[PDB]
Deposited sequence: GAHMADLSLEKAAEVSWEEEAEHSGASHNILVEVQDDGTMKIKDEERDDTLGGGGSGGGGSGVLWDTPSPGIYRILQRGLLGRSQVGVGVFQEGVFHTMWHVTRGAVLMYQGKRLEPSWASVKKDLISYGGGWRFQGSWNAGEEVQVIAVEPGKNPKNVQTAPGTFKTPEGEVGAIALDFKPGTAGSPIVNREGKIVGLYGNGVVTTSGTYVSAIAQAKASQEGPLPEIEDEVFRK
């Protein structure tokens, strides 16, 4: 309590054609042809879109507890990072609007906005915003993990504590999930879910009398 969390912009969301690859392995789509060719295949009154550090003020200064993304006026991060705490941005209180403890996700100022859906076999990029480091794109080939309610992509990459909430993007620069909700395998490997919810939409119209 005590509006102890604040936000600070760090980067914009995009795919980087050349970013470092990391992982024990690579998934590469090859196209083979008959001909014998083989080929490798206005200022808006809204928070600036992008990636932000989430910062908790104590005695040592501001420590980064996680990362989130503004997209269409809505701030998206992980449930475990904020547990619904108000977030200060430009002296304004941001209140939580929607949360999924199961998927480990939370949005502030509206419903989930991300539309990306990861396609098995494709490589993705995590835009890792580690405490005290410049943003960095990391290309990786996710596996899948088998859950109730469907199958989920799963990334085997280790980042510093505080990196949870960094977005995962596909080749069009669309966000397919957030990184940082994971488990550790018996062989000692950390794997993060590609955490993603359906984009929200308008319900039926209400009315009222409270002026």
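Peer 1: For this chain, which runs of the deposited sequence have no C-alpha coordinates, given in order from the N-terminus?
Peer 2: Those parts of the chain that were deposited but carry no coordinates are 1-2, 44-62, 233-236.
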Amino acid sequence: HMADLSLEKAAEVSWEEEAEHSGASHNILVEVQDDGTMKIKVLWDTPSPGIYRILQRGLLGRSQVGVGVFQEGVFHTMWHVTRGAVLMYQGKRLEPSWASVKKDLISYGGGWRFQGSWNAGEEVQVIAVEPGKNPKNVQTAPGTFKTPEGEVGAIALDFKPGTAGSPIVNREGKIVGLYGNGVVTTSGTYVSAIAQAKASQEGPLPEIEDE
From here on, numbers count along this sequence of modelled residues.
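Peer 1: Select between 81-89 and 118-126 the stretch whose C-alpha atoms have the higher average B-factor in the entry.
Peer 2: Per the deposited B-factors, the answer is 118-126.
Peer 1: Between 17-25 and 192-200, point out the one with the higher average CA B-factor as the PDB entry records it.
Peer 2: Mean CA B-factor is higher for 17-25.
Peer 1: Hey, out of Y179, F70, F145, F159, whose CA B-factor is highest in the deposited coordinates?
Peer 2: Each of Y179, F70, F145, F159 was compared by C-alpha B-factor; the highest is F145.
Peer 1: From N170, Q64, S166, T186, which pick has the Cα B-factor that tops the rest in the entry?
Peer 2: Checking the PDB record, the top C-alpha B-factor among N170, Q64, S166, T186 is at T186.
Peer 1: Could you say whether, by C-alpha temperature factor, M38 belongs to the lowest, middle or highest third of its chain?
Peer 2: According to the entry, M38 has a C-alpha B-factor in the chain's highest third.
Peer 1: Using the B-factor values recorded in the entry, state whether the Cα atom of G50 falls in the lowest, middle or highest third among the modelled residues of its chain.
Peer 2: It belongs to the lowest third of the chain when residues are ordered by C-alpha B-factor.
Peer 1: In terms of the CA temperature factor given in the entry, to which third of its chain does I155 belong: lowest, middle or highest?
Peer 2: For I155, whose C-alpha B-factor we compare with every modelled residue in the chain, the answer is the middle third.
Peer 1: Of the three thirds of its chain by CA temperature factor, lowest, middle or highest, which one includes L60?
Peer 2: It falls in the top third of the chain.
Peer 1: When the deposited Cα B-factors of this chain's modelled residues are ordered and cut into thirds, is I175 in the lowest, the middle or the highest one?
Peer 2: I175: CA B-factor falls in the lowest third of its chain.
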